[PDB]
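Q: Let me give you the structure first, and then I'll get to my questions.
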Amino acid sequence: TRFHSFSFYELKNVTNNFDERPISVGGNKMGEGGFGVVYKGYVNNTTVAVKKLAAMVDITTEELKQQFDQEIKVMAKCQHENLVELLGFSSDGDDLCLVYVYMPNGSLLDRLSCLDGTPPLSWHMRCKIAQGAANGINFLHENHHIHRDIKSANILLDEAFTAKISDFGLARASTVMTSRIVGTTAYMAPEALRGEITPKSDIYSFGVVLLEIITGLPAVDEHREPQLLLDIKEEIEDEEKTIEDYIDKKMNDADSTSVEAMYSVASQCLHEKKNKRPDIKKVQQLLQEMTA
Ligand SMILES: Cn1cc(NC(=O)c2cnn3ccc(N[C@@H]4CCCC[C@@H]4N)nc23)c(C(F)(F)F)n1
């Protein structure tokens, strides 16, 4: 797959000169991460998401360029209904830009937090999102790709709340070790925090996502006990609590049987030993069985 090459000035123009104000006040900024800001745009008779890369954290200009290239490379090779669609990019201008099909319902992270007053996701919608995201990860793993940044902020939701895996800047082709440890701490497997590069780490991070789906709680909350959501697995196992005590109250269609079935998948994904975790095909099978 080869992409459209956009002019920097066309992208600057359709995003109201990269307006960093929220949508609600007439701005174009929809969200931001460590490697960039995503703006709403309208190009070639289509609402788009324009990601302008900028860091914002570490970051070598070459590192950011390597993430820009990595994202285009993964998107050229990987097209799936549970992955975001890249339309094009921009290099000619000062800032590096990535153009995608606009995701009207933004990120799973924001929908779980009901950011800006959006209604809570039903359990029925949550099951479809979990299945869809697992189908997207399966496609990446089948195509020998390791995401390395699986999190609710990197699971986007379309006009039908279909799960779309996004933000492949840190993705790697396929156990190897790295001197540059990258990812989101609260979601990272212990071996990934140590430098290991394995698809087994993506499974662990997906386990954290499944806990966010069941509970509606963020992966990390400094003003909460436990601060890290993954610690709930031990509180439940050590029988101090049950998964029912953690179920998101912002749902009226969640039955205990299917919630326990999703929790069982999350628990298995969150095994501290990488080799004891299920592979993505097993995760898919179990999530499909959950709604059958
Ligand atoms: C209403 N709304 C629409 C979007 N996003 C897109 O439409 C979009 C489409 N493809 N695509 C690809 C990457 C990407 N990355 C962002 C980066 C900031 C942190 C969140 C994401 N991981 N966003 C997108 C957003 C939000 F994600 F920024 F929150 N809100």
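By convention in this document, the chains of the structure tokens carry letters A, B, ... by their order, each chain's residues are numbered from 1, and ligands are numbered from 1 in the order they are shown.
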Please tabulate, as CSV, the residues of chain A that come within 10 Å of ligand 1, each with its closest pair of atoms and the distance in Å to one decimal, counting only C-alpha atoms and all ligand atoms and ordering rows by chain, then residue number upward.

A:
```
residue,atom,partner,partner_atom_place_in_ligand_line,distance
A:23,CA,ligand 1,1 (C),8.6
A:28,CA,ligand 1,1 (C),10.0
A:29,CA,ligand 1,28 (F),7.5
A:30,CA,ligand 1,28 (F),4.4
A:31,CA,ligand 1,28 (F),3.6
A:32,CA,ligand 1,18 (C),3.8
A:33,CA,ligand 1,18 (C),4.3
A:34,CA,ligand 1,18 (C),7.9
A:35,CA,ligand 1,17 (C),7.9
A:36,CA,ligand 1,17 (C),6.4
A:37,CA,ligand 1,18 (C),5.8
A:38,CA,ligand 1,28 (F),5.2
A:39,CA,ligand 1,28 (F),7.4
A:40,CA,ligand 1,7 (O),7.2
A:41,CA,ligand 1,7 (O),9.6
A:47,CA,ligand 1,7 (O),9.0
A:48,CA,ligand 1,7 (O),6.9
A:49,CA,ligand 1,7 (O),4.7
A:50,CA,ligand 1,24 (C),7.5
A:51,CA,ligand 1,14 (C),6.5
A:52,CA,ligand 1,17 (C),9.3
A:53,CA,ligand 1,17 (C),9.4
A:71,CA,ligand 1,13 (C),9.7
A:83,CA,ligand 1,10 (N),9.2
A:84,CA,ligand 1,10 (N),5.6
A:85,CA,ligand 1,10 (N),6.9
A:86,CA,ligand 1,10 (N),7.3
A:87,CA,ligand 1,10 (N),9.6
A:98,CA,ligand 1,12 (C),7.9
A:99,CA,ligand 1,10 (N),7.4
A:100,CA,ligand 1,10 (N),4.7
A:101,CA,ligand 1,9 (C),5.6
A:102,CA,ligand 1,7 (O),4.0
A:103,CA,ligand 1,7 (O),3.7
A:104,CA,ligand 1,1 (C),4.9
A:105,CA,ligand 1,1 (C),5.2
A:106,CA,ligand 1,2 (N),3.3
A:107,CA,ligand 1,27 (F),4.6
A:108,CA,ligand 1,27 (F),8.4
A:109,CA,ligand 1,20 (C),8.1
A:110,CA,ligand 1,29 (F),6.8
A:111,CA,ligand 1,29 (F),9.3
A:115,CA,ligand 1,29 (F),9.7
A:149,CA,ligand 1,22 (N),9.7
A:150,CA,ligand 1,22 (N),9.9
A:151,CA,ligand 1,22 (N),8.6
A:152,CA,ligand 1,22 (N),8.1
A:153,CA,ligand 1,22 (N),4.7
A:154,CA,ligand 1,22 (N),4.2
A:155,CA,ligand 1,22 (N),7.0
A:156,CA,ligand 1,27 (F),6.4
A:157,CA,ligand 1,3 (C),8.1
A:158,CA,ligand 1,7 (O),8.2
A:164,CA,ligand 1,10 (N),8.5
A:165,CA,ligand 1,12 (C),8.4
A:166,CA,ligand 1,13 (C),5.2
A:167,CA,ligand 1,13 (C),5.1
A:168,CA,ligand 1,13 (C),8.5
A:169,CA,ligand 1,13 (C),9.8
```

Q: Name the residues of range 78-280 of chain A that fall into helix (DSSP H, G or I) according to DSSP on the backbone, using the chain letters and numbers of this document, as a ChimeraX atom specification.

A: /A:108-112,115-117,123-142,152-154,185-187,190-193,199-215,229-237,243-245,256-269,274-276,280

Q: Using only C-alpha atoms, find the one residue out of A:90, A:121, A:129, A:77 that sits nearest to residue 143 in chain A.

A: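 Of A:90, A:121, A:129, A:77, the one nearest residue 143 in chain A is A:77, counting only C-alpha atoms.
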
Q: Give the strand (DSSP E) residues of range 22-102 of chain A, as DSSP finds them on the backbone, and put them as a ChimeraX atom specification.

A: /A:29-32,36-42,47-53,86-90,96-101

Q: Using Å and a single decimal, report how far CA of residue 257 in chain A sits from CA of residue 284 in chain A.

A: 17.7 Å

Q: Calculate how many Å separate CA of residue 273 in chain A from CA of residue 208 in chain A, rounding to one decimal.

A: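 One can read the CA of residue 273 in chain A to CA of residue 208 in chain A distance as 15.1 Å.
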
Q: For CA of residue 175 in chain A and CA of residue 205 in chain A, determine how far apart the two atoms are, in Å to one decimal place.

A: 17.0 Å

Q: Smallest atom-to-atom distance to residue 89 in chain A: which of A:135, A:70, A:5, A:46, using only C-alpha atoms?

A: A:5

Q: Which residue is closest to residue 283 in chain A? Choose from A:183, A:207, A:22, A:190 and count only C-alpha atoms.

A: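 For residue 283 in chain A, the nearest of the candidates is A:207.
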